[PDB]
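Chains as they are written, first to last, in the entry's author numbering: chain A, 49 to 144; chain B, 1 to 500, 509 to 1033; chain C, 97 to 240; chain D, 289 to 336; chain E, 865 to 912. All C-beta atoms, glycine included, are put in the ideal place defined by N, C-alpha and C. The structure appears right after this line, and notes come after that.
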Amino acid sequence: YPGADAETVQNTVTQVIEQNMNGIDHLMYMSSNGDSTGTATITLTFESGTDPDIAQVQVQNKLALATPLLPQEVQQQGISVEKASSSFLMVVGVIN
Amino acid sequence: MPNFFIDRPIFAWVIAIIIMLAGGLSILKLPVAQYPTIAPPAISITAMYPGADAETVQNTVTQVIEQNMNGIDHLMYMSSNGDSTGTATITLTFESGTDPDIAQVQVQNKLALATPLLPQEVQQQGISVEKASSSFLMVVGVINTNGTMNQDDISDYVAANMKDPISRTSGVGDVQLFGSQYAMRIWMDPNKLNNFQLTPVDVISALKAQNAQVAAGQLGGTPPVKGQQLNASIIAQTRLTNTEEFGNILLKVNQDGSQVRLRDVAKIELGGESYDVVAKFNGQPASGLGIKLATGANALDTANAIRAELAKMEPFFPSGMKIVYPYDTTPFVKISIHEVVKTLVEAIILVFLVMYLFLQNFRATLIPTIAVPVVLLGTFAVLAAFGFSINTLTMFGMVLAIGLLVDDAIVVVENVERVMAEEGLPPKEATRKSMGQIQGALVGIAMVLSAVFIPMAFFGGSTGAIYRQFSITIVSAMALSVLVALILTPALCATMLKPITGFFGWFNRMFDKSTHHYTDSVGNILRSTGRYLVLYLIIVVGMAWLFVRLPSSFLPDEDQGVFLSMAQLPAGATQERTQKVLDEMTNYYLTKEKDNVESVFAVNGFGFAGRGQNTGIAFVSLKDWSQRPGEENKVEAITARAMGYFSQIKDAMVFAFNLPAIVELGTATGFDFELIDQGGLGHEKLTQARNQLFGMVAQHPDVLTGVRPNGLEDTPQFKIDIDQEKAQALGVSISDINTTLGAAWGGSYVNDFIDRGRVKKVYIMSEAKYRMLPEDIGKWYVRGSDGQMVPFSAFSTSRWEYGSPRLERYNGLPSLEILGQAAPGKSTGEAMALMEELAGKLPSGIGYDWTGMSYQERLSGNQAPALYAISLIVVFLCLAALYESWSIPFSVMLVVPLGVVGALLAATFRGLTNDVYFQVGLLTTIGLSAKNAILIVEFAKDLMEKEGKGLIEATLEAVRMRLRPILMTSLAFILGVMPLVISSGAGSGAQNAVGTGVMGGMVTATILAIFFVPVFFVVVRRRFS
Amino acid sequence: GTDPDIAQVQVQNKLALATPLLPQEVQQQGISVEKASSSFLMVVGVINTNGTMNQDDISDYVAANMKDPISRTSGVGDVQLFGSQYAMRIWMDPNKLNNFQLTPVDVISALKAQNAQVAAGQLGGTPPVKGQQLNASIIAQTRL
Amino acid sequence: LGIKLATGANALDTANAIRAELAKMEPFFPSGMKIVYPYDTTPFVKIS
Amino acid sequence: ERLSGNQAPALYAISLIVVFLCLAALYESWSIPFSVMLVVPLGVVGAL
């Protein structure tokens, strides 16, 4: 949500999405945060064993009922849903 | 096995204990819901186009989405409709059993690619893709006792401080809101706008620019200048929040020098997003949340949590609010579940008492009391393995199985009891000999019964979903019972049993006399087998004659405590007139039925058939069952009284009706017809065809009855014609008239704003008093090229014409929903087929198609005889294996008509129907009518083959041996399921259907079988030497 | 062996991050993400014995009344059409346009202004004023 | 119409359904119009 | 880490019982398994 303070992005974007994301199958805990840059990322952690591919479908499916309520600007930017990993597998440094 | 565990009692207990623990653990994890998934998955695509006529939602929204719905897997039929309020839905029904989650995302994805094609307003309002198959767990409604705030305030509060905690509760899979939060509403004023030389386009432009947001970036963000020491983000113009701040929006600066602010040209207030629906509660404003249930969560538990969380926030409600629950399904589930456990515990007591009446020893009656519960707990583990969930179907599919469980415990124990007393063998050795007589038969019973219930599970459509619940429960329970009757009961019998006046002394004396007389009667019959074979034909025709005469239904209706009440007003009736009917409709319930009706959720402007200002609903909630004694205060009686009174109402087609048994589906009674327009003739020509069909079904009043439309008849509608030539002459852009006309009257959604930590819409719309009559069109002014305003009367011609407030489509082509039902005494198959012939002579290019239940019945009906051709043959093969012959199995199969006759006679006399419960009711009677016959024959064959006794002598001994275990099975089972017939309280519609079919069938199955199986065995054996 | 349906979701999930960046003309025409092999399963030809219809009148009927149901039948990924559905063609005349001092931009504006169908609210729609007695939808110009 | 096959779907099962769908459209064809199948590989999956 | 500790008592309680049932089945007595299940504390104390 470009050009949005941390307080405003938290109240408008994250609050709306986080409301319409409770009730997924095998939901363990839900974390979210929005920073001054305007990026508001929500990370869901499913119960160990849930088929990760299917979990994305449910999360992606539910987000559709929430996209209209977000500010008009957010829709243009687009919302990305993809399985996330906390730490790097490796790093490939390039030097001259 | 029986001879392996007999001397290994401990190893039997361990397997019994493991099974018991499996049930205990799985009882605490199994989901509980009123019904399982029955209806096929359905996806609804709702799109709002504010202030749009009925046609427009079709030619720009519904059609465009339909054209782009390509390449979706397992799509069964697509239907849609666009009403006059701007809302169009496209319900896609998929194949039964398809993963709904994958189905929904596929439907959404195609919509996502087609979103750009839709108009700008539709995209701005957003298109919602939901699941329509699921049903509400409960509908919690909040009211306003003091009447100090309208529904909008209540709806806004609910969306802000009640929707969050409820949606975070355990098991709440989806929360819907029956309202709209606040939305800054701007009430324009044509009189004031013309004074200041303004137009609605100017108002829109100012709002779109003076409530925006900016990305100021950073102060000293990368890349910096060398030596920087500070870095902080920049905050630029931010949205407005106060209604006063909106008023100050500067709209125009007069040439003189004065200011023209918005507040001086339009009233501003916090209103609702939509005033289409006006909810009420006993005459007070209200709004509610439609709480659904997540997949795999205790329905009883979740409704307990929700009612507990709302107790936390009870003090925090602003003074005047209160929480009410017009519609809830967990109280009914509580009754429908406990009533079953009251039967599964009454059967155990009855079996304990029944055996104690015959055997007269405590140690004997303790063997079933430990062998029946082990199976009941065991089947839960097997039931939980397949993923099933406790519900009204499986439970009523398990009360039917209690008969199977008992007869697999009475036979094993009773036979052992007979041997000890006749042969005198010790308890540890009597079981070895006793189980040597029926170990083969019991294993055979498992296959034969497994060959009668398994085919039921292979049906298709909605019926297959209901049948699959009964078959798996009965099969699982039956399979375990045989296993637990071959592993555990023999161990208990030997270990527990011991070697061997008043009432019991008299009873034995009388019973001994009876059984001796019974053998005399069969002896007389077997000498004249020819005469009694005639009676077997006079009984089979009776079965066939009565079976056809039995009406066919789907599921019985039950007093769920809530019943709807439609309300339809003539064409064009406004909101005020409807609310007058909905008030005298709510007054009757609270005046003539004050002792039964609890509340009336008098919704307005909403209807199932259609939507508009001339429709209404009232979810009437009745008092608890305990406060409604007798049949005079049931839903069936109350609806009849209300229907009689509402026939006197003028200017309203009011009519009340009870909910369906499974609210997820529709009525599921009758037929569903689509009158497609294949040739592109147009809507007007299509209606001419429907009227032709309606005027031609009248020739067949004895087959088709109550054939009515489901849409809305065309009604007058204002038509405004913009004279293109005149507009150019006066220098007014046609793109400006379309906005002033479309924004002043239809309302527009300019942009969003932030308030109290939430984002809310801003709507502009003319004041209510300036957009009412046709004369008001001339009251609106639009700026010309030179700045001089012109009125709509100068370049607009208006006239009244007819149109359809609710257009409809089907599979992409126009249609006209037609509903109805078959005439009394005529099957839906003939009524359904008659319509095809009638619809086949309509003008060219007008086809048809069956949807809803009829489309499913057009597929399930094919498998009705085919599945029982496999079942009958496989059963015969199993029997031929058990008896080691081809001719003997005829005797076993021929008792099937005996069992059915009792059920049909009882059902017909009680005036029941051939519903789903009854059909399963026959199977257990048929299943438990052969289980008593398979042992009579196998004993006769055993005696004849080993001891060599003559045929007639062998059969007489066989019937004498098996007279006790037949009676205790029938006497205990009939007494066990007698409560289910006398029951008249909550959830009695299902209980009566199951109870009557079983008790009636069992009585004639027991009486006739013990007189006929010996006749069949001798006749079959005689002829097939 | 990859689940073909799960693959499409991920492919189209990523495509939704780039669709806004595409030119408007592409979005209006519509971009379809199909899961179909490049080889044709079969071809359903259509002809007319009379011969009155040309290679386009037949094409319209295939698209109008036949193409849509086929593309939805379970087990069909893509249904290409060997022709073109009808579409009102405006054959412009540069010799005449210059004569009347016009341009294609003016013609585009005229089509959007006049061949446009506008939502027009209702007569006394909600919220009404006490004493109302009639409610009828308003209709303005529609698609030509 | 050049019909393609969705990945993972049976070739002969789909072709059986498509020929069933057209049967519901043949009756309403205007005068002269007729359906001819100039190319289909499914029969080879059946005759073979 | 918290979840590991919470379900630890159930893991030992249910594993001990299953052995008792499995031992009793093999030894056809409710006492001899009670004479082999009394050595586990002599084993656990070794690990601690």
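Locate the beta strand (DSSP E) running through residue i, then write down its first and last residues.
i         : result
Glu130(B) : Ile127 to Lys131
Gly714(B) : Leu712 to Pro717
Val452(B) : Counting along the chain, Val452(B) falls outside any beta strand (DSSP E), though it belongs to the alpha helix (DSSP H) covering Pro427 to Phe453.
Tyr77(B)  : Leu75 to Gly82
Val883(E) : Where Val883(E) is concerned, there is no enclosing beta strand (DSSP E), although the alpha helix (DSSP H) it sits in stretches over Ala872 to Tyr891.
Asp301(D) : Counting along the chain, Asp301(D) falls outside any beta strand (DSSP E), though it belongs to the alpha helix (DSSP H) covering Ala299 to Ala311.
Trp187(B) : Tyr182 to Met188
Please confirm whether residue i has its beta-carbon closer than 8 Å to some beta-carbon of chain C.
i         : result
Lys777(B) : yes
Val122(A) : no
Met797(B) : no
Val142(A) : no
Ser133(A) : no
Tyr49(B)  : yes
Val139(A) : no
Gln63(A)  : no
For residue i, go through chain A and note every residue whose CB falls closer than 9 Å to its CB, in chain order.
i         : result
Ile235(C) : Near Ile235(C) there are no residues of chain A at all, since even the closest Cβ is about 28 Å away, more than 9 Å.
Interface residues of chain A around residue i at Cβ under 7 Å?
i         : result
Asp276(B) : Under the 7 Å cutoff, chain A gives no residues; its nearest Cβ is about 18 Å from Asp276(B).
Quick one: does residue i have its CB under 8 Å from some CB of chain B?
i              : result
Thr145(C)      : no
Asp202(C)      : no
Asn231(C)      : yes
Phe317(D)      : no
residue 256(C) : Given a span of 97 to 240 for chain C in the structure shown, any question on residue 256(C) remains unanswerable.
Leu885(E)      : yes
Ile186(C)      : no
Span of the alpha helix (DSSP H) holding residue i?
i          : result
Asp408(B)  : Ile402 to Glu422
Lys954(B)  : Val924 to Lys954
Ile17(B)   : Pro9 to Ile27
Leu1016(B) : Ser996 to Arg1031
Is the CB of residue i under 8 Å away from at least one CB in chain E?
i       : result
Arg8(B) : yes
With a threshold of 8 Å between beta-carbons, can residue i be considered close to chain A, or not?
i         : result
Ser287(B) : no
Going along chain C, which residues have a C-beta under 7 Å from residue i?
i        : result
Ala52(B) : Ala215
8 Å is my cut-off, CB to CB: does residue i come that close to chain D?
i         : result
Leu117(C) : no
* the region 95-106 of chain B: positions lying closer than 9 Å to chain A by Cβ -> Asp99, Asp101, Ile102, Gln104 and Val105
* Asked: Between the region 149-180 of chain B and chain A, which residues of the former have CB atoms less than 9 Å from a CB of the latter, in chain order?
  -> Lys163, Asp164, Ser167, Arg168, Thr169, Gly171, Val172, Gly173, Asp174 and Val175
* Determine, using beta-carbon pairs with one atom in the region 702-720 of chain B and one in the region 831-843 of chain B, whether at least three such pairs fall under 8 Å. => yes
* Cβ contact check for the region 134-148 of chain B and the region 84-97 of chain B: 3 or more pairs under 8 Å -> no
* To do: Could you tell me whether the region 338-348 of chain B touches the region 391-408 of chain B, using the rule of 3 or more Cβ pairs below 8 Å?
  => yes
* **Sufficient close CB pairs (3 or more, under 8 Å) joining the region 917-936 of chain B to the region 554-564 of chain B** => yes
* Residues within the region 66-91 of chain B neighbouring chain C, beta-carbon criterion of under 9 Å -> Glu66, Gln67, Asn68, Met69, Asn70, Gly71, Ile72, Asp73, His74, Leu75, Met76, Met78, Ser84, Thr85 and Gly86
* Asked: Of all the residues that make up the region 667-693 of chain B, which are near chain D by a beta-carbon distance shorter than 7 Å?
  -> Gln686 and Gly687
* To do: Taking a Cβ distance cut-off of 9 Å, strictly less, list which residues of the region 480-495 of chain B are near chain E, in chain order.
  => none
* Of the residues that make up the region 201-223 of chain B, which ones have a beta carbon closer than 7 Å to any beta carbon in chain A? -> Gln213, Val214, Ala215 and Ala216
* Take every Cβ of the region 958-966 of chain B, pair it with every Cβ of the region 99-112 of chain C, and state whether three or more of those distances are shorter than 8 Å. => no
* **Residues of the region 836-856 of chain B with Cβ closer than 9 Å to any Cβ of chain D, in chain order** => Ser852, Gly853 and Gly855
* To do: Specify whether the region 594-609 of chain B and the region 304-320 of chain D touch according to this definition: at least 3 beta carbon pairs, one from each stretch, less than 8 Å apart.
  => no
* Cβ-based contacts, 8 Å cut-off: residues of the region 744-772 of chain B near chain A -> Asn759, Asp760, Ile762, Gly765, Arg766 and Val767
* Between the region 780-795 of chain B and the region 75-83 of chain B, do three or more beta carbon pairs fall short of 8 Å? -> no
* To do: Decide if the region 934-952 of chain B is in contact with the region 879-894 of chain B; the criterion is three or more beta carbon pairs, one per stretch, under 8 Å apart.
  => yes
* Please list the residues of the region 323-336 of chain D that have a C-beta atom closer than 7 Å to any C-beta atom in chain C, keeping them in chain order. => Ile323, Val324, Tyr325, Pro326, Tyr327, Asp328, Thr329 and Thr330
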